[PDB]
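What follows is each chain in one-letter form.
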Amino acid sequence: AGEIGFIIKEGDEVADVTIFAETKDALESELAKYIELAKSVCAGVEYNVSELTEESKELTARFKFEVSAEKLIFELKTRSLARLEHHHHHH
């Protein structure tokens, strides 16, 4: 990996989710639920997001936690959350 144009990069307690959808609005709606899950695991979570525009049909938001355990927990929980693909034009 090289140097990328992000604030927070990869880490030991940093986990990013990459969401795809027609609109940023849809991405934000889902992302907000990830942020919601994040605050449920770690209120002191710090997160960044890719450049948000009208043409961002994809975004990468990384939540860094206090310990690497919280990362794993978030990854474990998102497994049961990010199943049942929901891109079906209804979303």
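Residues numbered from 1 in each chain as written, not as in the entry; some residues may be left out. Heavy atoms only, no water.

This deposited entry lists solution NMR as its structure determination method.

### A closer look at helix α2 (residues 68-81)
Rules: Strands are runs of DSSP state E lasting at least 2 residues, helices are runs of H or I lasting at least 4, and numbering of each runs from the N terminus. What a helix is expected to span follows from its residue count: subtract one and scale by 1.5 Å. Partly exposed describes any residue whose relative accessible area lies between the buried limit of under 20% and the exposed limit of over 50%, with all areas from a 1.4 Å probe on protein chains only and scaled to the type maximum. In this context, the arc is that of the directions from the helix axis out to the C-beta atoms. Any two residues having at least one pair of non-hydrogen atoms within 4.5 Å are treated as being in contact.
Taking 1.5 Å of rise per residue, the 14 residues of α2 would be expected to cover 20 Å, and the 20 Å separating its terminal C-alpha atoms lies within 8% of that figure. All of the buried residues in α2 are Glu70, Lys71, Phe74 and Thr78. Projected down its long axis, α2 carries its buried residues within an arc of 105°, all on one side. What points out from α2, more than 90 degrees from its buried face, is the exposed set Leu76, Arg79 and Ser80. Along its buried surface, α2 packs onto β1 (14-20), α1 (24-41) and β3 (58-64).

### Focus: the packing of aromatic side chains
Applicable threshold: Two rings from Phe, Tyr or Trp (for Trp, the six-membered ring) form a pair when their centres sit within 6.5 Å of each other. Planes less than 30 degrees apart are called stacked, planes more than 60 degrees apart edge-to-face, and all others tilted.
One pass over the full model with this rule turns up three aromatic pairs. Aromatic side chains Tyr47 and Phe63 sit 5.4 Å apart centroid to centroid with 50° between the ring planes, which places their arrangement in the tilted category. Residue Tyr47 is located in strand β2 (residues 46-48), and its partner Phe63 is located in strand β3; the two are separated by 16 residues in the primary sequence. Taking relative accessible area as the criterion, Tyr47 reaches 34% and is therefore assigned partly exposed. Both rings, one in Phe63 and one in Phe74, keep their centres 5.4 Å apart while their planes meet at 50°; by these two values the pair is tilted. Here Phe63, found in strand β3, pairs with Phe74, found in helix α2; they are eleven residues apart in sequence, far enough to count as distant.

### Observations concerning α1
It helps to recall that an α-helix has 3.6 residues per turn; residues three or four apart then point in one direction. The end-to-end C-alpha distance of α1, which contains 18 residues, comes to 25 Å, matching closely the 26 Å that a straight helix rising 1.5 Å per residue would cover. Against the buried residues of α1 lie β1, β2, β3 and α2.

### Focus: the pattern of salt bridges
When the charged atoms of two side chains with opposite charge come close together, those side chains can pair. Put simply, the rule is: Think of a salt bridge as a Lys or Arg side-chain nitrogen and an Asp or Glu carboxyl oxygen that are within 4 Å of each other.
Applying the stated criterion across every chain, the model contains seven salt bridges. Ionic pairing is found between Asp16 and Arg62, a salt bridge with its closest N-O pair at 2.8 Å. Residue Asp16 is found in strand β1, and its partner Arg62 is found in strand β3; the two are separated by 46 residues along the sequence. Owing to a relative accessible area of 26%, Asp16 belongs among the partly exposed residues under this scheme. When the shortest N-O distance is used, the salt bridge between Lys71 and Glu75 registers 2.6 Å. Within this pair, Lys71 and its partner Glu75 are both found in helix α2, separated by four residues, close to a single helical turn. Given a relative accessible area of 14%, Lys71 falls into the buried group.

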